[PDB]
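The data below hold one chain only, encoded as structure tokens and taken in the form deposited in one PDB entry.
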């Protein structure tokens, strides 16, 4: 059962602006997605202080970067709080409507795309380098779900049947044909050290075979 939804016009217009605008500093996408995972891990860590049983789906709090050249995919995994079905379908999109309006107004007044995080809509920077994004997520209170969009105005949500996650969020970036530089170990290491050196969770960069 695959459900198809339309993006809000403002979010769709944001994704077009990200996809079409000429902007060479594309490497900031990794800073934003890693920043998103750190916040998800903060939320499960805070909630587990007043409730130790929330960590029954996994005690470890970490971020893993997994490149795959055969699939041409870069996967950012965290064991954060995850997102529910309502988070994917409309909760997180409606929050982003106000940040998108402010982000677009800032752009015409002299800002650039690298400040996208300051408006809380950093996730969409993934489309700087990916033609399709797959998000697999498992919240403690909901089932495992797969979100997917190739932009163009729509996204899909379905119950995930793959490997069970326990808890967290898996962002799979199906990279563009000319963005495979972000599969290189030495390139990922440089971006992590430059933009995310003080993240308070262990970041493991996986090596390919």
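Positions refer to the first chain, counted from 1. Take the two forms, find the largest set of C-alpha atoms that superpose within 1.5 Å, and that set is the rigid core.
Omitted here: the form deposited in another entry. The next part is about that form.
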Query - Sole residue of 84, 118, 91, 73 shifting 2 angstroms or more in CA between the shown form and the other one, core aligned - result: 91
Query - Core fit, then residue 54 C-alpha moves 2 Å or more between the shown form and the other one - result: yes
Query raised in the report: Hey, the CA atoms of residue 130 and residue 91 end up closer or farther in the other entry than in the shown form, with the change being 3 Å or more?
Result: closer
**Report entry** Cα separation of residue 58 and residue 145 in the other entry versus here, shift of 3 Å or more
**Finding:** farther
